Amino acid sequence: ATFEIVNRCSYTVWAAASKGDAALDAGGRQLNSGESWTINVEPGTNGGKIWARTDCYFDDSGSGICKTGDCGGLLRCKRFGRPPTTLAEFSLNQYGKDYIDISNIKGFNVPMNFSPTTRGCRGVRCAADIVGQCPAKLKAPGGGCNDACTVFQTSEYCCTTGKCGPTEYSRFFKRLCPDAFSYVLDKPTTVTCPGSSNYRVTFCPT
């Protein structure tokens with residue numbers, strides 16, 4: 001499957017793509033404002049994610065640091081990124097269908113649209129100014145809006161036992177972005193697409 005990753009932000013981002021224990025395609029690349037990077041993701045990839053990283057520095061070897069979304073200091077990510085990260089999440093070719101969503105469970109750094117480029121389903125979007133409107137206690141001093149689990153490390157925020165409810169903090173993310181997951185047990189906003197669909201992830205869609 002193809003994923004065209006498009007940076008519409010006015011700032012550079014370093015795109016990342018991983019399924020947690022491995023890179024997808026090259027795993028990461030710099031995207032200046034306006035640039036597009038097309039990746040190939042193997043059919044059947046389960047639990048893949050794409051995200052933006054901000055304010056990165058990399059040496060000649062591809063080692064360094066990002067202020068949001070850092071994946072072990074690598075340009076080419078092999079693992080998931082450090083919160084806060086808005087997440088485009090997908091599982092492909094799962095009993096004949098693809099499943100896509102956006103999540104704010106690991107916080108928010110960059111606004112996102114995640115849409116099919118092929119027929120048969122709708123896109124999802126989280127494009128509100130979550131960083132600007134972020135509750136004081138959630139603001140990440142390194143940049144972005146943290147989720148409550150990251151900040152407070154409680155069973156209720158992290159849904160550790162599988163029995164958690166919405167919270168004042170999850171309701172903030174849900175109010176700004178109704179079509180993204182706000183907490184682990186949120187009413188799902190996952191979209192079913194035809195198996196083997198192709199996609200575009202656009203940072204800063206509006």
Side-chain angles (χ1 to χ4, degrees), residues 1-7 9 12-32 35-59 61-94 98-117 123-126 140 142-147 149-150 158-159 180-181 184 189-191 193 195-204:
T2 64
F3 288 68
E4 188 182 61
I5 307 174
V6 180
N7 182 20
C9 308
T12 300
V13 303
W14 288 255
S18 179
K19 62 178 187 71
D21 62 353
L24 304 171
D25 195 288
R29 211 202 77 175
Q30 184 172 322
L31 284 185
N32 294 333
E35 285 191 325
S36 304
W37 177 34
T38 301
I39 68 167
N40 289 276
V41 171
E42 195 179 30
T45 291
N46 185 78
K49 305 185 195 303
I50 289 164
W51 66 101
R53 302 172 287 171
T54 64
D55 303 325
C56 302
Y57 291 99
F58 295 108
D59 73 13
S61 75
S63 290
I65 192 169
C66 298
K67 297 199 178 181
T68 64
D70 188 77
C71 59
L74 299 186
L75 172 63
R76 291 169 165 90
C77 297
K78 41 188 60 157
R79 305 276 176 173
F80 295 139
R82 184 171 194 273
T85 55
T86 323
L87 296 169
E89 303 185 311
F90 48 93
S91 296
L92 311 177
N93 313 102
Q94 303 301 300
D98 293 356
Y99 296 88
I100 64 172
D101 69 77
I102 294 169
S103 176
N104 290 315
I105 289 166
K106 295 288 175 182
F108 180 102
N109 62 336
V110 174
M112 184 188 272
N113 179 95
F114 182 18
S115 290
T117 60
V124 286
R125 187 180 287 197
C126 179
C145 190
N146 288 308
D147 64 286
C149 174
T150 292
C158 298
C159 213
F181 284 83
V184 167
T189 48
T190 307
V191 174
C193 289
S196 298
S197 297
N198 298 315
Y199 304 91
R200 175 172 297 111
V201 176
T202 305
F203 302 120
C204 304

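Excluded from the calculations below are hydrogen atoms, water molecules and symmetry mates; all remaining heavy atoms, backbone and side chain alike, are included. For this chain, numbers begin at 1 and follow the sequence in order.
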Taking every non-hydrogen atom, the tightest pair across [X] and [Y]:
| X | Y | result |
| --- | --- | --- |
| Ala23 | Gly27 | CB-CA, 3.7 Å |
| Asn198 | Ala1 | OD1-CA, 3.5 Å |
| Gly143 | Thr68 | O-CG2, 3.3 Å |
| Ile5 | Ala15 | CG2-CB, 4.0 Å |
| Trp51 | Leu87 | CB-CD2, 4.0 Å |
| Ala88 | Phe114 | CB-CD2, 3.7 Å |

According to side-chain contact (heavy atoms from CB on, under 4.5 Å), who are the partners of [X], at least two apart in sequence or on a separate chain?
| X | result |
| --- | --- |
| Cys204 | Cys9, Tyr11, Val110, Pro111 |
| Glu4 | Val6, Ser36, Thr38, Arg200 |
| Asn93 | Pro43, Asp98, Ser196 |
| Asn46 | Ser91, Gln94 |

Counterpart residues, salt bridge (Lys or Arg N to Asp or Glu O under 4.0 Å), relative to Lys106 (two or more places apart):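 So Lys106 forms no salt bridge (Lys or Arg N to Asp or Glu O under 4.0 Å) with any residue.
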By salt bridge (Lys or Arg N to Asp or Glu O under 4.0 Å) - contacts of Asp21 (at least two apart):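 Result, salt bridge (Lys or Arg N to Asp or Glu O under 4.0 Å) vs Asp21: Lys19.
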Can you list the residues that meet the side-chain hydrogen bond (donor to acceptor under 3.5 Å, both in side chains) rule with [X], with sequence neighbours excluded?
| X | value |
| --- | --- |
| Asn146 | none |
| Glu35 | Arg29 |
| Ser197 | none |
| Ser115 | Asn113 |

Flag side-chain contact, heavy atom, 4.5 Å: [X] against [Y]:
| X | Y | result |
| --- | --- | --- |
| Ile102 | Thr189 | no |
| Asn7 | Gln30 | no |
| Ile105 | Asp147 | no |
| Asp25 | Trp37 | yes |

Side chain to side chain contact (heavy atoms under 4.5 Å, CB included) between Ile39 and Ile50, worked out: CA-CA 11 Å; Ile39 68 167; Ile50 289 164; 4.2 Å; yes
Ring geometry between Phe3 and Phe90 (parallel below 30°, tilted from 30 to 60°, perpendicular above 60°):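 Tilted: the ring planes of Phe90 and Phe3 meet at 30° to 60°.
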Side chain to side chain donor-acceptor pair (under 3.5 Å) contacts touching residues 70-88 (sequence neighbours left out):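 Qualifying pairs: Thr86-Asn109.
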Working for disulfide (SG to SG under 2.5 Å), residues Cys159 and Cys149: CA-CA 9 Å; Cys159 213; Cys149 174; over 6 Å; no
Spacing of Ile100 atom CD1 and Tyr199 atom OH [to the nearest 0.5 Å]: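 Those atoms lie 5.5 Å apart.
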With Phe203 via ring pair (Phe, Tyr, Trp, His ring centres under 6.0 Å) - residues at least two apart: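 Partners of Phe203 by the ring pair (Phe, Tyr, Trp, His ring centres under 6.0 Å) criterion come out as none, since no residue qualifies.
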Under 3.5 Å donor-acceptor, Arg53 side chain and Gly69 backbone: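 No: the side chain of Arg53 does not pair with the backbone of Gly69.
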